[PDB]
Number of protein chains: 2
Amino acid sequence: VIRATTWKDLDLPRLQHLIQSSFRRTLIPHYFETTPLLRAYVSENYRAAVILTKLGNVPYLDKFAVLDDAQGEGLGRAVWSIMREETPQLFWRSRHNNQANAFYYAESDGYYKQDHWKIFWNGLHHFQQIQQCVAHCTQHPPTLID
Amino acid sequence: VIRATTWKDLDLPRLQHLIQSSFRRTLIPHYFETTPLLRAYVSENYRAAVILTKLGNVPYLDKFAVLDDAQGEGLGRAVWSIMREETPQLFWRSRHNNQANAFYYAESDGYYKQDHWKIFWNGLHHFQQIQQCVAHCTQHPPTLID
Ligand SMILES: CC(=O)N[C@@H](CCC(=O)O)C(=O)O
Ligand SMILES: CC(=O)N[C@@H](CCC(=O)O)C(=O)O
Ligand SMILES: [Cl-]
C-alpha cells in the first residue's frame, strides 16, 4: 500500500480513474488542486484508496474508493486497516444506499443518520465534537458530479 | 400483539422463558419485581417481545426477545413496527454478541459504542439527550447473567 502525504507522491490521473470507476461518476475539476490532503493510502495497483483530508479538528475520510472487482481479495478492507493503524480518530459520510455501509457499521464507533447522509466516526468521546462532525458532513460541498 | 402497561397483564413465567431462550442466558432474579415497566408488546404465541421500561426521560427498550425459529425475523419486525407506531423516541443497548445488531443498524437513527455496549437511539435530536442516554446505558446493571 502506497502511503502519501502530498498529491505529488501519487499518480493523479490514475487515482482519478480509480475514484471515477468506483463511484461511477465524475471527479470535480480541480479536485486535487483545491483539496487539502492529510494522508492517502492507495493499493499498489490503484484498485482501492482511502483519502484523508483536512476538514476541522478531526481527520476527514473524503474518499473510500474500491473497485467492485477488488472485493473478493478484500483489498479495500486491507487499505482501510492500514489507515486505521495511524488514525485513531476520523469521521466520514456515506450515501444511504452505499454497498459499503455494512462494512461501515462494523468498523465505526458511532453513527448519525441525516437526511442526505449517513455520518460515521471512530475514536470520538466528546459529543460537542461529534455534533460538529455531523455538521461538517452536512455542510461540505460535493466533489462528485456529472 | 398483546399490549401491556403492567406486569400483571402478562404471563411472566412464559415471558421469562422467551427471554432466556432468545438470549441463551439467565434472567437475573426478580427482574420483574424490580423493573419499572413502561409498556410491553408481546406476540400472541410469546415468540417475540419488546419491553419498554422507565430509565431517564426517554422510553428505554430493555429487552427485544425473539426466537430464531418459525419466522422469527418476520415476527420480531412486526412487533417492533407496532411499538414504533406508538413510540417516536427510544434508546437501547446491545452486546456485540446480540443477534439483532444488523436490524438495529438499519432501524436506528444513530449509535455510539462504549465499554462493550453498542448504544442505539431513534428520534433524538439533541446531543444533550443522546449523551445522557449513552450515560444511562453504560451505568445500568446487566440483567442477563451467565
Ligand atoms: C467516504 C467517502 O467515500 N465519501 C464520499 C462519498 C460521496 C458520494 O457518495 O457521493 C464523499 O465525497 O464525501
Ligand atoms: C435491546 C435489548 O434487548 N437489551 C438487553 C440485552 C443487551 C445485550 O446483552 O445484548 C438488555 O438487557 O439491555
Ligand atoms: Cl474490499
Side-chain angles (χ1 to χ4, degrees), chain A residues 55-61 64 71 76-77 80-81 83-85 87-140, chain B residues 55-61 64 73 76-77 80-81 83-85 87-140:
Chain A
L55 181 54
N57 293 316
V58 177
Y60 176 62
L61 202 160
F64 184 37
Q71 291 180 16
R77 296 172 184 254
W80 188 279
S81 289
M83 173 271 301
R84 286 287 279 115
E85 290 174 353
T87 314
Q89 305 175 299
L90 68 145
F91 75 108
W92 71 98
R93 69 195 183 180
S94 184
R95 286 177 63 88
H96 290 287
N97 70 346
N98 192 350
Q99 49 176 306
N101 284 340
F103 176 76
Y104 291 160
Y105 287 136
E107 287 291 323
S108 60
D109 295 321
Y111 161 62
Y112 191 93
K113 183 181 179 185
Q114 272 284 351
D115 283 347
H116 190 226
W117 301 113
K118 298 189 183 309
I119 295 118
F120 295 98
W121 60 87
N122 284 99
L124 306 182
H125 309 295
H126 287 316
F127 280 87
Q128 166 234 36
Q129 182 61 78
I130 292 169
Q131 183 175 9
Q132 185 55 69
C133 289
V134 170
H136 284 313
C137 290
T138 302
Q139 191 179 57
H140 193 60
Chain B
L55 183 59
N57 303 337
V58 177
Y60 174 65
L61 205 150
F64 183 42
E73 141 175 352
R77 185 167 303 241
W80 189 280
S81 182
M83 176 271 299
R84 284 313 315 285
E85 278 178 350
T87 316
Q89 299 182 323
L90 64 150
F91 72 114
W92 70 97
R93 69 189 184 180
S94 77
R95 292 300 199 185
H96 187 279
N97 177 358
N98 203 308
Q99 178 232 338
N101 280 344
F103 179 75
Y104 294 157
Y105 287 141
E107 289 287 329
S108 65
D109 292 316
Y111 60 76
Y112 183 83
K113 301 182 177 163
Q114 180 155 108
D115 199 11
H116 319 117
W117 295 110
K118 310 172 173 185
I119 296 128
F120 297 89
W121 60 85
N122 277 117
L124 300 191
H125 61 317
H126 294 83
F127 279 86
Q128 183 139 14
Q129 299 180 291
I130 296 177
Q131 190 178 1
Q132 284 172 332
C133 286
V134 163
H136 281 303
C137 287
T138 55
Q139 295 176 10
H140 202 61

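Just so you know, these numbers use all the heavy atoms, side chains as well, and skip hydrogens, waters and symmetry mates. Chain A is the first sequence line, chain B the second, and so forth, proteins listed ahead of strands; every chain is numbered from 1.
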May I ask you to check whether A/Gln99 and A/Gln71 show a side-chain donor-acceptor distance below 3.5 Å? yes
For A/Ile119, which atoms come within 4.5 Å of any heavy atom of chain B: side chain, backbone, both, or neither? neither
B/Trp117 ring centre to B/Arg95 NZ or CZ under 6.0 Å, with the angle to the axis within 45°? yes
Can you confirm whether more than 12 heavy atoms, excluding those of A/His126, are under 6.0 Å from its NE2 atom? no
Checking A/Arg93 against A/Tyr60: is there a side-chain donor and acceptor pair closer than 3.5 Å? yes
Which residues from residues 105-113 of chain A are near chain B, with near meaning under 4.5 Å between non-hydrogen atoms? A/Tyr105, A/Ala106, A/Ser108, A/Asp109, A/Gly110, A/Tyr111, A/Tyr112, A/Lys113
Taking atom CZ of A/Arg84 as the centre, report whether more than 12 heavy atoms of other residues, nucleotides or ligands fall under 6.0 Å from it. yes
With a cut-off of 6.0 Å (strictly less than), are more than 12 heavy atoms of other residues, nucleotides or ligands near CG of B/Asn57? no
